[PDB]
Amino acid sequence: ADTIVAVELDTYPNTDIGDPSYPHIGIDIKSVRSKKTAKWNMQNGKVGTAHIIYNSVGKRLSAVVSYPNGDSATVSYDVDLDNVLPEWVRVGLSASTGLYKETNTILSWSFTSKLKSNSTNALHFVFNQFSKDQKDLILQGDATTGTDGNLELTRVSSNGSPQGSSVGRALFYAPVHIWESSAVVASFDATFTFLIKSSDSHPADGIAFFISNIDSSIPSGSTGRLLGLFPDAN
């Protein structure tokens, strides 16, 4: 299967599969069943910001999600990504809807990865605007870009209305050398701003930043609770 590291903003509690019984942020290591979660109040129709930091030296993947009012949720998990991820990866953003839905709108996305010995390899990109033809993104499933300048990870019905059983992802075009055996520091950070909007009984399913094998594809049947990330709930 693919190998997945993800920070999910999980708007829908699937308690059947380990979710806590609230919207949450969580850190996913090779499983949709988060290794750590924090209660998250998603603010409907508001623009949130997710910051994801992996500290290669502290061996700690950390995330915060916040909204302009001050409200933030924070999660940290101690992990050495050297033992999890392959050396080369693609990075991206994933969202899904299932029986319930929400807009999974990305308004900006940056990423910085650095491999240090004494000499550094580094990759930084920032999207503050997405083109209708955003050639440096691989769009997968239902994901689209433009002309409002946003990345729509799942189907949105152009009057702005979220569609259910949708799954979409965007990966940065270039593979990322995310760790190296000889790298003293293999750190990365990612930032994205998003607009989740739902009028549903409950919003579902969430957005994730993720790191995958290079050839990673949306697994068959990963709408809903699987966030476009996983083939199953294991």
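So that there is no doubt, residue numbering starts at 1 and follows the sequence shown.
Trainee: Enter the number of deposited residues without atomic coordinates between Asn159 and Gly160, binned as none, 1 to 3, 4 to 9, or 10 or more.
Mentor: The entry has no gap there; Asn159 and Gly160 are joined directly.
Trainee: Higher average CA B factor in the deposited record is what I'm after, so tell me if that's 173-181 or 187-195.
Mentor: For C-alpha atoms only, the mean B-factor is higher in 173-181.
Trainee: Could you settle it for me: does 102-110 or 80-88 have the higher average Cα B factor in the PDB entry?
Mentor: Taking the mean B-factor of the alpha carbons in each, 80-88 is higher.
Trainee: Looking at the C-alpha B-factor values in the deposited entry, which of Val7, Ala233, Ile4, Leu227 comes out highest?
Mentor: Out of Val7, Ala233, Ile4, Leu227, the record gives the largest C-alpha B-factor to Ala233.
Trainee: Which third, lowest, middle or highest, does the CA B-factor of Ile214 fall in along this chain?
Mentor: Middle third of the chain for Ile214's C-alpha B-factor.
Trainee: What third of the chain, by the recorded C-alpha B-factor, contains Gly70?
Mentor: It belongs to the highest third of the chain when residues are ordered by C-alpha B-factor.
Trainee: Can you tell me which third, lowest, middle or highest, the CA B-factor of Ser96 falls into for its chain?
Mentor: As the PDB entry reports it, the C-alpha B-factor of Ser96 lands in the middle third of its chain.
Trainee: Lowest, middle or highest third: which one holds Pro13 when the chain's residues are ordered by CA B-factor from the entry?
Mentor: Tercile = middle for this residue's CA B-factor.
Trainee: What third of the chain does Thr37 rank in for C-alpha temperature factor, lowest, middle or highest?
Mentor: It belongs to the lowest third of the chain when residues are ordered by C-alpha B-factor.
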